[PDB]
Number of protein chains: 2
Amino acid sequence: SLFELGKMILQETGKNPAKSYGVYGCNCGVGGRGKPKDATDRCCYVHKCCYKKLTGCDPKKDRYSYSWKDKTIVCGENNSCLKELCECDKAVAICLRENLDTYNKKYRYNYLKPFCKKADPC
Amino acid sequence: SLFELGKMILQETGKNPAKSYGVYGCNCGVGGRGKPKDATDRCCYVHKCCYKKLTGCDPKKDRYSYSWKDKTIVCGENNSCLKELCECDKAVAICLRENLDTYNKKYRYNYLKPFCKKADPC
């Protein structure tokens with residue numbers, strides 16, 4: 001669920017997740033997908049495409065189990081959808097951390113999201 | 001849609017809407033309803049109750065038209081459902097404005113939202 005997703009992003013990036021990524025670019029946070037602004041935005045693009053493939057559980061609402069072991073996100077066994085979901089969320093949290101070096105505040109609050117250029121099919 | 005809602009909140013409160021209300025309390029922004037933390041939170045509680053009356057349109061994704069007349073939100077044209085939706089969004093924007101005097105930053109990023117006490121029926 002959003003809680004786990006938000007938590008993972010905090011753990012990996014050290015950043016307030018909603019503040020840094022809630023309305024970032026054309027792909028991070030609220031809304032759908034669009035042509036990526038930068039590498040951070042591309043992380044979120046991939047993440048939303050990941051959510052699209054999921055069947056059997058609800059990515060926004062469904063809780064899943066994971067642990068913090070040797071400062072690594074370790075997805076619990078869960079079930080097929082929940083584990084795929086956990087891995088979707090882990091991957092984007094990792095991606096966002098790896099692109100903190102080009103994170104740009106000028107994209108942080110993009111209220112022009114509805115008018116982003118259309119994204120390519122996943 | 002979220003865009004119109006965000007814009008109304010900006011117009012009434014003068015605040016960055018996602019920043020101030022995206023994760024506030026147990027009712028504002030993401031997630032469902034919960035026992036309200038304060039008057040601001042109760043504004044969002046009422047808003048989400050208002051949404052349940054809607055039949056025919058999608059509050060997160062469906063666009064509607066409104067205008068800014070004599071510094072007032074004026075819901076335009078719109079079918080029966082979109083009219084109601086617009087009026088729901090207008091009501092919460094006004095309410096948030098009216099309760100700026102007790103807005104509390106400590107509730108602003110409430111990542112304990114999944115653990116809010118259960119909301120009473122609307």
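Heavy atoms only: backbone and side chains are in, while hydrogens, waters and symmetry mates are out. Each chain gets a letter, A, B and so on, in the order its sequence line appears, and its residues count up from 1.
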Between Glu87(A) and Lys83(A), is there a side-chain N and carboxylate O pair less than 4.0 Å apart? no
Neighbour count above 12 (heavy atom, 6.0 Å) for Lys37(A) NZ: no
What heavy-atom pair brings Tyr66(B) and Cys75(B) nearest, and what distance separates the two atoms? CB-CA, 4.0 Å
Can a salt bridge be assigned to the pair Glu4(A) and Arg63(A) using a cut-off of 4.0 Å between side-chain N and carboxylate O? yes
Compare every heavy atom of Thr13(A) with every heavy atom of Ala93(A), then report the nearest pair and how far apart it is. O-CG2, 4.1 Å
Pick out which of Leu100(B), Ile73(B), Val92(B) makes a side chain to side chain contact (heavy atoms under 4.5 Å, CB included) with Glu12(B). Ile73(B)
Among residues 15-23 of chain B, residues within the sub-4.5 Å heavy-atom range of chain A, in order of number, are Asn16(B), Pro17(B), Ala18(B), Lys19(B), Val23(B)
Please classify the contact of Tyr111(A) with chain B as side chain, backbone, both or neither, using a heavy-atom distance under 4.5 Å. both
At a heavy-atom separation under 4.5 Å, does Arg108(B) approach chain A through its side chain, its backbone, both, or neither? neither
Which label fits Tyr103(B) and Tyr24(B): parallel for a plane angle under 30°, tilted from 30 to 60°, or perpendicular past 60°? tilted
